[PDB]
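A quick write-up on the structure given underneath.
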Amino acid sequence: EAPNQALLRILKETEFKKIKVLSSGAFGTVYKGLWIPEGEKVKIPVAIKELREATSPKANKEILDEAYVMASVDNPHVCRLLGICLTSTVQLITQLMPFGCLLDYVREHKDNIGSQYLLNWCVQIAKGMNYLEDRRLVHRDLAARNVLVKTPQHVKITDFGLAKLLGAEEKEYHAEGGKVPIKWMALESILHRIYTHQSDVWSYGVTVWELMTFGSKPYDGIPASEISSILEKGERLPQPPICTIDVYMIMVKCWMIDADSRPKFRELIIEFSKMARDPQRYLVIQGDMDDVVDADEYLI
Ligand SMILES: CN[C@@H]1C[C@H]2O[C@@](C)([C@@H]1OC)n1c3ccccc3c3c4c(c5c6c(n2c5c31)CCCC6)C(=O)N=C4
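In terms of the authors' numbering, the sequence shown is residues 697 to 984, 1007 to 1018.
Quick look at the structure:
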């Protein structure tokens, strides 16, 4: 329907100086870096992603898909794509999220994370997702590992490696085979490989649980083959200790079998917002260079 007029920006390799690896693995490597366009007199902290070295024409098709998706989103709670670089090895340039991945941030900081933070993150992610829903986009890989931390007060949804743009009002996405995170998935997904905005809500549910348990592993133990039967059984994840029944009851709703019974992201924004006005009522926690510009201030 609506034409996608997003701009894809092609950047010169000599406009950005790498600085250090921040993570390599199966997927590839990610660099901390600076982007210093033309004469513009700005330096922009960036992360440079290079889907390994291996230039198999499979690895460039995928990174180009991510870039497609990331170029089509503009929201405070969704990660910023700056452009791509067309070297032999094709590089994704995104905004640096210095504090890293939110899952590691909760593990690394429990003893210092208060309810105000937990509830604010929940609101911010719900905003990111509500906005993806507006852009008729289905994330399919929402999990705490895929949300990054720009500042502890500001998180952004990332990893669009599995995301799909729903074509002409095509209610649900029918997927191929291939590796898929089972423990974060709606049931109608694990069984029929259907993916809906409502199935994203489910993973929102597990994402919140990962936050409230400070980074625990969903169904730690249970191998992935059981997960479907276990959920048909009516079993769900346990109420985290810090969690009031108010909060946990919202998790549980994300995990209903009737997809349309679960809450809409716009509703999750509201509920978590109300809770964020009085955090200690809802979560019970012991103790409770010169020309640098952030990407979020660098517009064109
Ligand atoms: C566990 N999740 C990973 C940690 C990581 O590799 C991944 C693939 C994962 O996260 C989504 N990843 C991306 C994957 C797809 C698009 C963008 C990123 C990405 C970015 C950044 C990452 C950082 C770290 N990853 C960063 C980034 C590791 C910690 C330092 C910063 C960053 O600063 N801006 C973008």
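Every residue gets a Cβ at the ideal spot worked out from N, C-alpha and C, and that includes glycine.
With 16 other CB atoms within 10 Å as the buried threshold, where does residue i fall?
i, result
"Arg-977", "exposed"
"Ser-899", "buried"
"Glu-928", "exposed"
"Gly-863", "exposed"
"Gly-901", "buried"
"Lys-852", "buried"
Please report the straight-line C-alpha distance between residue i and residue j, rounded to a whole angstrom.
i, j, result
"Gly-930", "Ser-921", "16 angstroms"
"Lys-823", "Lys-716", "32 angstroms"
"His-773", "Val-819", "10 angstroms"
"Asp-1009", "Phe-795", "21 angstroms"
"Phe-723", "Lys-754", "12 angstroms"
"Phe-910", "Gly-983", "15 angstroms"
"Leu-858", "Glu-829", "15 angstroms"
"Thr-710", "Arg-836", "35 angstroms"
"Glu-906", "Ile-780", "32 angstroms"
Cβ of residue i versus every heavy atom of ligand 1: is any distance shorter than 7 angstroms?
i, result
"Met-825", "no"
"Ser-768", "no"
"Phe-968", "no"
"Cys-775", "yes"
"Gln-935", "no"
"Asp-855", "yes"
"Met-793", "yes"
"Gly-796", "yes"
"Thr-790", "yes"
"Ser-957", "no"
"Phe-723", "yes"
"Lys-875", "no"
"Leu-844", "yes"
Does residue i come out as helix, strand or coil in the three-state DSSP assignment?
i, result
"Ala-763", "helix"
"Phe-795", "coil"
"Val-742", "strand"
"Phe-961", "helix"
"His-835", "coil"
"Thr-903", "helix"
"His-773", "coil"
"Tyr-727", "strand"
"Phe-968", "helix"
"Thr-940", "coil"
"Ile-715", "strand"
What distance in whole Å lies between the Cβ atoms of residue j and residue i, which are believed to be in contact at a cut-off of 8 angstroms?
i, j, result
"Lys-714", "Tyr-727", "5 angstroms"
"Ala-763", "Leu-788", "6 angstroms"
"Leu-703", "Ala-743", "Contact flag wrong, Cβ pair sits at about 20 angstroms."
"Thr-725", "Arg-748", "7 angstroms"
"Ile-938", "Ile-981", "5 angstroms"
"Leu-838", "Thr-903", "6 angstroms"
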